[PDB]
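*Asks:* Handing over target_38.cif, mmCIF, C-alpha atoms and all ligand atoms.
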```cif
data_data
loop_
_atom_site.group_PDB
_atom_site.id
_atom_site.type_symbol
_atom_site.label_atom_id
_atom_site.label_comp_id
_atom_site.auth_asym_id
_atom_site.auth_seq_id
_atom_site.Cartn_x
_atom_site.Cartn_y
_atom_site.Cartn_z
ATOM 1 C CA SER I 96 -14.128 13.010 3.009
ATOM 2 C CA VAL I 97 -10.936 11.263 4.092
ATOM 3 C CA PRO I 98 -10.424 7.565 4.948
ATOM 4 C CA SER I 99 -9.452 6.969 8.592
ATOM 5 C CA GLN I 100 -5.809 5.996 9.169
ATOM 6 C CA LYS I 101 -6.179 5.076 12.844
ATOM 7 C CA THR I 102 -4.352 1.872 13.781
ATOM 8 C CA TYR I 103 -6.905 -0.705 14.955
ATOM 9 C CA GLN I 104 -5.990 -4.313 15.725
ATOM 10 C CA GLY I 105 -9.616 -5.267 16.303
ATOM 11 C CA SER I 106 -10.944 -8.582 17.593
ATOM 12 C CA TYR I 107 -8.534 -10.630 15.489
ATOM 13 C CA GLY I 108 -5.307 -8.814 16.477
ATOM 14 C CA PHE I 109 -4.640 -7.633 12.946
ATOM 15 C CA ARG I 110 -1.327 -5.932 12.070
ATOM 16 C CA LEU I 111 1.201 -5.713 9.222
ATOM 17 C CA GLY I 112 4.724 -7.114 9.050
ATOM 18 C CA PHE I 113 7.643 -6.367 6.740
ATOM 19 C CA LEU I 114 10.714 -8.318 5.635
ATOM 20 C CA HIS I 115 14.203 -7.118 6.574
ATOM 21 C CA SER I 116 15.776 -6.254 3.227
ATOM 22 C CA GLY I 117 18.500 -3.835 4.258
ATOM 23 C CA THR I 118 19.664 -0.676 2.515
ATOM 24 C CA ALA I 119 22.131 -1.861 -0.131
ATOM 25 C CA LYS I 120 22.151 0.494 -3.115
ATOM 26 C CA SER I 121 20.657 -2.366 -5.140
ATOM 27 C CA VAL I 122 17.660 -3.151 -2.930
ATOM 28 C CA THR I 123 14.258 -2.820 -4.660
ATOM 29 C CA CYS I 124 11.986 -2.673 -1.611
ATOM 30 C CA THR I 125 12.951 -1.857 1.964
ATOM 31 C CA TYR I 126 10.979 -0.970 5.070
ATOM 32 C CA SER I 127 12.026 1.443 7.827
ATOM 33 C CA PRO I 128 10.443 0.694 11.219
ATOM 34 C CA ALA I 129 11.846 3.954 12.627
ATOM 35 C CA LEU I 130 10.007 5.968 9.982
ATOM 36 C CA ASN I 131 7.087 3.468 9.485
ATOM 37 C CA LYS I 132 7.914 3.946 5.815
ATOM 38 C CA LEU I 133 8.311 1.596 2.861
ATOM 39 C CA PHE I 134 10.752 2.621 0.093
ATOM 40 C CA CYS I 135 10.360 0.798 -3.240
ATOM 41 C CA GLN I 136 11.179 1.026 -6.913
ATOM 42 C CA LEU I 137 8.568 1.512 -9.588
ATOM 43 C CA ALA I 138 6.428 -1.575 -10.187
ATOM 44 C CA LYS I 139 8.606 -3.867 -8.090
ATOM 45 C CA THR I 140 7.299 -6.465 -5.642
ATOM 46 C CA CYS I 141 6.461 -5.128 -2.163
ATOM 47 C CA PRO I 142 5.863 -8.105 0.169
ATOM 48 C CA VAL I 143 3.507 -7.166 2.993
ATOM 49 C CA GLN I 144 2.796 -9.652 5.758
ATOM 50 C CA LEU I 145 -0.646 -9.958 7.371
ATOM 51 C CA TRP I 146 -0.520 -11.095 11.025
ATOM 52 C CA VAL I 147 -3.513 -12.046 13.189
ATOM 53 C CA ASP I 148 -3.858 -13.588 16.661
ATOM 54 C CA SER I 149 -6.902 -15.599 15.562
ATOM 55 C CA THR I 150 -8.292 -16.492 12.148
ATOM 56 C CA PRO I 151 -11.068 -14.197 10.902
ATOM 57 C CA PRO I 152 -14.243 -15.580 9.292
ATOM 58 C CA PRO I 153 -14.341 -16.980 5.763
ATOM 59 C CA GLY I 154 -15.304 -14.112 3.469
ATOM 60 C CA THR I 155 -12.959 -11.706 5.254
ATOM 61 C CA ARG I 156 -11.071 -9.460 2.820
ATOM 62 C CA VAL I 157 -7.976 -7.209 2.824
ATOM 63 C CA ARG I 158 -8.079 -3.814 1.145
ATOM 64 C CA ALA I 159 -5.274 -1.410 0.243
ATOM 65 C CA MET I 160 -5.803 2.297 -0.503
ATOM 66 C CA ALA I 161 -3.457 5.261 -0.793
ATOM 67 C CA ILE I 162 -4.096 8.767 0.529
ATOM 68 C CA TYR I 163 -1.872 11.854 0.650
ATOM 69 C CA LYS I 164 -0.077 12.176 3.989
ATOM 70 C CA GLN I 165 -0.225 15.977 4.125
ATOM 71 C CA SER I 166 -3.539 17.201 5.516
ATOM 72 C CA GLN I 167 -3.875 19.913 2.856
ATOM 73 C CA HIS I 168 -3.837 17.242 0.148
ATOM 74 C CA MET I 169 -5.850 14.557 1.931
ATOM 75 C CA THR I 170 -9.052 15.083 -0.031
ATOM 76 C CA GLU I 171 -7.325 14.619 -3.386
ATOM 77 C CA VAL I 172 -7.645 11.143 -4.869
ATOM 78 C CA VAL I 173 -4.220 9.468 -5.211
ATOM 79 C CA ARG I 174 -3.953 8.243 -8.808
ATOM 80 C CA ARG I 175 -1.327 7.493 -11.439
ATOM 81 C CA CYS I 176 0.094 10.512 -13.306
ATOM 82 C CA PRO I 177 -0.938 11.598 -16.808
ATOM 83 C CA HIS I 178 1.964 9.662 -18.293
ATOM 84 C CA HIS I 179 1.659 6.349 -16.487
ATOM 85 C CA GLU I 180 -2.130 6.085 -16.724
ATOM 86 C CA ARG I 181 -1.588 5.973 -20.507
ATOM 87 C CA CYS I 182 1.343 3.591 -20.827
ATOM 88 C CA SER I 183 -0.847 0.522 -21.451
ATOM 89 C CA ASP I 184 0.992 -1.565 -18.869
ATOM 90 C CA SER I 185 -2.148 -3.071 -17.367
ATOM 91 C CA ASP I 186 -1.917 -6.679 -16.201
ATOM 92 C CA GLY I 187 -5.418 -7.255 -17.519
ATOM 93 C CA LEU I 188 -7.199 -6.699 -14.206
ATOM 94 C CA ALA I 189 -5.964 -3.432 -12.699
ATOM 95 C CA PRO I 190 -7.459 -0.278 -14.238
ATOM 96 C CA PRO I 191 -4.584 1.797 -15.689
ATOM 97 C CA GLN I 192 -5.395 4.708 -13.333
ATOM 98 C CA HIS I 193 -4.729 2.709 -10.151
ATOM 99 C CA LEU I 194 -1.506 3.333 -8.251
ATOM 100 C CA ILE I 195 -1.603 0.148 -6.200
ATOM 101 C CA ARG I 196 -1.854 -3.306 -7.749
ATOM 102 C CA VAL I 197 -1.769 -6.782 -6.218
ATOM 103 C CA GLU I 198 0.564 -9.274 -7.959
ATOM 104 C CA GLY I 199 -0.352 -12.860 -8.763
ATOM 105 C CA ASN I 200 -3.815 -13.105 -7.256
ATOM 106 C CA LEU I 201 -6.565 -13.724 -9.784
ATOM 107 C CA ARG I 202 -9.171 -12.942 -7.106
ATOM 108 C CA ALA I 203 -8.027 -9.366 -6.701
ATOM 109 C CA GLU I 204 -10.778 -6.814 -7.242
ATOM 110 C CA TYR I 205 -10.218 -3.167 -8.097
ATOM 111 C CA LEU I 206 -12.673 -0.576 -6.863
ATOM 112 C CA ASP I 207 -13.425 2.953 -8.041
ATOM 113 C CA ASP I 208 -15.661 4.217 -5.250
ATOM 114 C CA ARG I 209 -18.827 5.575 -6.847
ATOM 115 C CA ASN I 210 -19.081 8.111 -4.016
ATOM 116 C CA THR I 211 -15.534 9.135 -3.079
ATOM 117 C CA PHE I 212 -13.906 8.335 -6.423
ATOM 118 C CA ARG I 213 -11.016 6.819 -4.463
ATOM 119 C CA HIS I 214 -9.230 3.731 -5.789
ATOM 120 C CA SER I 215 -8.485 0.544 -3.869
ATOM 121 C CA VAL I 216 -7.591 -3.070 -4.452
ATOM 122 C CA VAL I 217 -8.989 -5.878 -2.316
ATOM 123 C CA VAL I 218 -8.329 -9.602 -2.046
ATOM 124 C CA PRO I 219 -9.824 -12.407 0.021
ATOM 125 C CA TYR I 220 -7.951 -12.979 3.263
ATOM 126 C CA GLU I 221 -6.283 -16.392 3.101
ATOM 127 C CA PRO I 222 -5.178 -18.006 6.388
ATOM 128 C CA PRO I 223 -1.491 -18.922 6.664
ATOM 129 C CA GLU I 224 -0.442 -22.090 4.842
ATOM 130 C CA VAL I 225 1.159 -25.131 6.460
ATOM 131 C CA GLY I 226 4.489 -24.136 7.930
ATOM 132 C CA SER I 227 3.704 -20.444 7.794
ATOM 133 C CA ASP I 228 2.712 -18.133 10.603
ATOM 134 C CA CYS I 229 1.464 -15.306 8.405
ATOM 135 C CA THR I 230 -0.062 -14.488 5.050
ATOM 136 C CA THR I 231 1.750 -12.318 2.522
ATOM 137 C CA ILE I 232 0.257 -10.067 -0.152
ATOM 138 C CA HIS I 233 2.551 -8.818 -2.921
ATOM 139 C CA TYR I 234 1.845 -5.208 -3.938
ATOM 140 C CA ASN I 235 3.197 -3.050 -6.760
ATOM 141 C CA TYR I 236 3.225 0.772 -6.840
ATOM 142 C CA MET I 237 2.836 2.028 -10.399
ATOM 143 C CA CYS I 238 4.063 5.645 -10.239
ATOM 144 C CA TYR I 239 7.063 7.345 -8.656
ATOM 145 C CA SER I 240 6.398 9.734 -5.748
ATOM 146 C CA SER I 241 7.985 12.393 -7.977
ATOM 147 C CA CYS I 242 5.682 11.910 -10.999
ATOM 148 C CA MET I 243 4.533 15.254 -12.320
ATOM 149 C CA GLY I 244 0.782 15.725 -12.529
ATOM 150 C CA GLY I 245 0.427 12.738 -10.209
ATOM 151 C CA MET I 246 1.814 12.400 -6.688
ATOM 152 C CA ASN I 247 4.142 15.263 -7.612
ATOM 153 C CA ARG I 248 6.677 14.678 -4.798
ATOM 154 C CA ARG I 249 3.908 14.602 -2.183
ATOM 155 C CA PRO I 250 4.228 11.757 0.339
ATOM 156 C CA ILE I 251 1.476 9.171 0.543
ATOM 157 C CA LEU I 252 0.230 6.720 3.121
ATOM 158 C CA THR I 253 -1.048 3.254 2.266
ATOM 159 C CA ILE I 254 -3.926 2.137 4.526
ATOM 160 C CA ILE I 255 -4.499 -1.630 4.779
ATOM 161 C CA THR I 256 -7.858 -2.672 6.191
ATOM 162 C CA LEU I 257 -9.194 -6.079 7.200
ATOM 163 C CA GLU I 258 -12.935 -6.039 6.295
ATOM 164 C CA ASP I 259 -15.849 -8.412 6.686
ATOM 165 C CA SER I 260 -17.774 -9.627 3.618
ATOM 166 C CA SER I 261 -19.949 -6.462 3.661
ATOM 167 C CA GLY I 262 -16.933 -4.187 3.816
ATOM 168 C CA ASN I 263 -17.290 -3.381 7.534
ATOM 169 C CA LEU I 264 -14.094 -2.564 9.453
ATOM 170 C CA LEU I 265 -12.394 -5.426 11.340
ATOM 171 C CA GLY I 266 -8.837 -4.115 11.507
ATOM 172 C CA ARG I 267 -6.617 -1.336 10.170
ATOM 173 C CA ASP I 268 -2.918 -0.532 9.829
ATOM 174 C CA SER I 269 -0.958 1.923 7.699
ATOM 175 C CA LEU I 270 2.481 3.072 6.596
ATOM 176 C CA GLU I 271 4.042 5.868 4.584
ATOM 177 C CA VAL I 272 5.348 4.898 1.122
ATOM 178 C CA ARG I 273 7.963 6.483 -1.141
ATOM 179 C CA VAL I 274 8.331 5.083 -4.674
ATOM 180 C CA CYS I 275 11.776 6.090 -5.878
ATOM 181 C CA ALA I 276 14.792 5.142 -7.962
ATOM 182 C CA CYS I 277 17.093 4.166 -5.082
ATOM 183 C CA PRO I 278 15.155 2.886 -2.022
ATOM 184 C CA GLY I 279 18.265 1.878 -0.091
ATOM 185 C CA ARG I 280 19.889 5.290 -0.365
ATOM 186 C CA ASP I 281 16.718 7.206 0.407
ATOM 187 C CA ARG I 282 15.937 5.088 3.467
ATOM 188 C CA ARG I 283 19.501 5.612 4.753
ATOM 189 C CA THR I 284 19.246 9.363 4.123
ATOM 190 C CA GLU I 285 15.880 9.736 5.795
ATOM 191 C CA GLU I 286 16.842 7.648 8.833
ATOM 192 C CA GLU I 287 20.016 9.730 9.094
ATOM 193 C CA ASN I 288 17.973 12.935 8.982
ATOM 194 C CA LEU I 289 15.695 11.541 11.710
ATOM 195 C CA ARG I 290 18.716 10.827 13.915
HETATM 196 ZN ZN ZN N 301 3.809 8.276 -12.974
#
```
Just give me the structure as structure tokens.

*Replies:*
Amino acid sequence: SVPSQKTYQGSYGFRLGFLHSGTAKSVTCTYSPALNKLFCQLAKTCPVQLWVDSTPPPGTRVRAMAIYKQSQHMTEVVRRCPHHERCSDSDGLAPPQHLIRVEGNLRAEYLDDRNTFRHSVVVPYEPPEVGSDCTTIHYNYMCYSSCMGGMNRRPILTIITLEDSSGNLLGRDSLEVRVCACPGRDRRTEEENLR
């Protein structure tokens, strides 16, 4: 099977938002609206905003999962490569095999689906704080898109779903992600190629 990637705002008007970081050669994370693609360095903070028109119920959660973008690779579980899964860089909560981690949230839970074998990380949805209009989750990608034996240069999509306490779908959004050495340069090159 393959997780759905269909955009769905749902009853709460759920959608993602990204900061405007630019494309300076030194940038560590940058999002391209034209390509709906996030470019980031290995294990660097990727701020992802959660926007809703109305607050969902207490117990609502937010899950992140990666899948290969190419249809011929969609059924393959996206996981860290043979080298990174063994580098003992766990933060004490994320299994070393997981590509996507959530930073600074002790309530993050990591799932290895007993049926699909796919990996995901989920946190409780927290409503915006005083003075804020949105909620931000900080993600880290733990392998480069080019890692051999892992993503192996194949592009991936990250699917973010808003779920109820039972795991039922409330909202869904997604974006392509490239983990690379120079996000600014690659974003500039890909947007140029699109033009
Ligand atoms: Zn790797």

*Asks:* Pull the closest atom pair for each residue of chain I that gets at most 6 Å from ligand ZN 301 (chain N), along with the distance in Å to one decimal, counting only C-alpha atoms and all ligand atoms, ordering rows by chain and then ascending residue number, as a tab-separated table.

*Replies:*
```
residue	atom	partner	partner_atom	distance
I:175	CA	N:ZN301	ZN	5.4
I:176	CA	N:ZN301	ZN	4.3
I:178	CA	N:ZN301	ZN	5.8
I:179	CA	N:ZN301	ZN	4.5
I:238	CA	N:ZN301	ZN	3.8
I:239	CA	N:ZN301	ZN	5.5
I:242	CA	N:ZN301	ZN	4.5
```

*Asks:* If we count all atoms listed in the file and set the cut-off at 12 Å, which residues sit around residue I:169, ignoring sequence neighbours fewer than 5 positions away in its own chain? Please answer as a PyMOL selection string.

*Replies:* chain I and resi 96-100+161-164+213+246+249-252

*Asks:* Based on the selection just made, write C-alpha atoms of those residues as a CSV table (one decimal), in the frame of the given file.

*Replies:*
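Printed below is again35.csv as written:
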```csv
chain,number,residue,atom,x,y,z
I,96,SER,CA,-14.1,13.0,3.0
I,97,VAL,CA,-10.9,11.3,4.1
I,98,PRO,CA,-10.4,7.6,4.9
I,99,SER,CA,-9.5,7.0,8.6
I,100,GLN,CA,-5.8,6.0,9.2
I,161,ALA,CA,-3.5,5.3,-0.8
I,162,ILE,CA,-4.1,8.8,0.5
I,163,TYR,CA,-1.9,11.9,0.6
I,164,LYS,CA,-0.1,12.2,4.0
I,213,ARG,CA,-11.0,6.8,-4.5
I,246,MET,CA,1.8,12.4,-6.7
I,249,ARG,CA,3.9,14.6,-2.2
I,250,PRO,CA,4.2,11.8,0.3
I,251,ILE,CA,1.5,9.2,0.5
I,252,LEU,CA,0.2,6.7,3.1
```

*Asks:* Running the PyMOL selection byres (((chain I and resi 285-287) around 10) and not hetatm) on this model by hand, what would come out? Give it as a list in words.

*Replies:*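 So the PyMOL selection byres (((chain I and resi 285-287) around 10) and not hetatm) ends up selecting residues 127, 128, 129, 130, 132, 280, 281, 282, 283, 284, 288, 289 and 290 of chain I.
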
*Asks:* Between atom CA of residue I:154 and atom CA of residue I:209, what distance in Å does the model show, to one decimal?

*Replies:* 22.5 Å

*Asks:* Give the answer as one residue: which of I:237, I:147, I:276, I:124 has the shortest atom-to-atom distance to residue I:173, using all atoms listed in the file?

*Replies:*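 Smallest separation from residue I:173 among the options: I:237.
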
*Asks:* Atom CA of residue I:201 and atom CA of residue I:142 are how many Å apart?

*Replies:*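 Between these atoms lies a distance of 16.9 Å.
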
*Asks:* Quick one, how far is atom CA of residue I:114 from atom CA of residue I:266?

*Replies:*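 It comes out at 20.8 Å.
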
*Asks:* Output as a compact mmCIF listing (two decimals), in the coordinates of the input: stretch 173-189 of chain I, completed with N, CA, C and O atoms.

*Replies:*
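Output file rebuild13.txt follows:
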```txt
# COMPACT_ATOMS: atom_id res chain seq x y z
N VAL I 173 -5.57 9.86 -4.79
CA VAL I 173 -4.22 9.47 -5.21
C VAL I 173 -4.41 8.59 -6.44
O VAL I 173 -5.10 7.57 -6.38
N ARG I 174 -3.83 9.00 -7.57
CA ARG I 174 -3.95 8.24 -8.81
C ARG I 174 -2.64 8.30 -9.59
O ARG I 174 -1.74 9.10 -9.26
N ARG I 175 -2.51 7.46 -10.61
CA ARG I 175 -1.33 7.49 -11.44
C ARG I 175 -1.30 8.81 -12.23
O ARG I 175 -2.36 9.39 -12.53
N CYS I 176 -0.09 9.25 -12.58
CA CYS I 176 0.09 10.51 -13.31
C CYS I 176 -0.39 10.43 -14.74
O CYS I 176 -0.69 9.35 -15.26
N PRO I 177 -0.47 11.58 -15.42
CA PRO I 177 -0.94 11.60 -16.81
C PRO I 177 -0.14 10.71 -17.76
O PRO I 177 -0.66 10.25 -18.77
N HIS I 178 1.14 10.50 -17.45
CA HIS I 178 1.96 9.66 -18.29
C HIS I 178 1.73 8.18 -18.01
O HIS I 178 1.45 7.40 -18.92
N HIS I 179 1.83 7.77 -16.75
CA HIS I 179 1.66 6.35 -16.49
C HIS I 179 0.25 5.79 -16.69
O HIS I 179 0.10 4.62 -17.02
N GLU I 180 -0.78 6.61 -16.52
CA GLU I 180 -2.13 6.08 -16.72
C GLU I 180 -2.36 5.74 -18.21
O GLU I 180 -3.30 5.03 -18.55
N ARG I 181 -1.48 6.23 -19.07
CA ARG I 181 -1.59 5.97 -20.51
C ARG I 181 -0.50 5.06 -21.08
O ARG I 181 -0.39 4.93 -22.30
N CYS I 182 0.30 4.41 -20.24
CA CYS I 182 1.34 3.59 -20.83
C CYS I 182 0.94 2.16 -21.18
O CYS I 182 1.77 1.36 -21.59
N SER I 183 -0.34 1.84 -21.06
CA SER I 183 -0.85 0.52 -21.45
C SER I 183 -0.09 -0.65 -20.83
O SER I 183 0.17 -1.66 -21.49
N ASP I 184 0.26 -0.51 -19.56
CA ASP I 184 0.99 -1.56 -18.87
C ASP I 184 0.07 -2.35 -17.94
O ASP I 184 0.52 -2.96 -16.97
N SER I 185 -1.23 -2.34 -18.22
CA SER I 185 -2.15 -3.07 -17.37
C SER I 185 -1.86 -4.57 -17.40
O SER I 185 -1.39 -5.11 -18.41
N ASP I 186 -2.14 -5.24 -16.29
CA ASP I 186 -1.92 -6.68 -16.20
C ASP I 186 -3.19 -7.42 -16.61
O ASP I 186 -3.29 -8.64 -16.49
N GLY I 187 -4.17 -6.66 -17.09
CA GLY I 187 -5.42 -7.26 -17.52
C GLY I 187 -6.52 -7.23 -16.48
O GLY I 187 -7.65 -7.63 -16.76
N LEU I 188 -6.21 -6.76 -15.28
CA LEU I 188 -7.20 -6.70 -14.21
C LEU I 188 -7.20 -5.32 -13.54
O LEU I 188 -8.25 -4.75 -13.25
N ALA I 189 -6.02 -4.75 -13.31
CA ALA I 189 -5.96 -3.43 -12.70
C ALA I 189 -6.25 -2.32 -13.70
O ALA I 189 -5.70 -2.29 -14.79
```
